[PDB]
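The C-terminal residue of the sequence shown carries number 75 in PDB author numbering, and the numbering is unbroken.
C-beta atoms are modelled at their ideal positions from N, C-alpha and C, and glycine is treated no differently.
Working notes for the structure below.
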Amino acid sequence: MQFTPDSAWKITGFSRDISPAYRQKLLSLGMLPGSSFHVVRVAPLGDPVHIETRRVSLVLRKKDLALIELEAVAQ
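Put into structure tokens, the structure is as follows:
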């Protein structure tokens, strides 16, 4: 349920009213719904985490993740 710095995940930014600010932004990276990324650091209360993508490190927020969807890799 929680996100710890060790496991992998997949980017699926798809909300019910996701604003273009976040959507039109990711476009610059070329990471559309269905990408793969790793976790650098996360907190159970609420902290700033960083994702590891194809030769690119993006930063996310425990509150920001609330909008974008995530999909755990294949165990």
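Check: Use the C-beta contact count for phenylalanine 14: other C-beta atoms within 10 angstroms, 16 or more gives buried, fewer gives exposed.; Outcome: exposed
Check: Under the DSSP definition of a beta bridge, which residues are partnered with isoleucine 51?; Outcome: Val39, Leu58
Check: Below 6 Å CB to CB, which residues in the same chain sit around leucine 67 once its five sequence neighbours on both sides are set aside?; Outcome: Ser15, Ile18
Check: To the nearest whole angstrom, what separates the beta carbons of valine 59 and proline 44, a pair I think is in contact under 8 Å?; Outcome: Not quite, the Cβ-Cβ distance comes to about 18 Å (not below 8 Å), so this is no contact.
Check: Work out the CA separation of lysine 62 and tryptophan 9 for me, nearest whole Å.; Outcome: 15 Å
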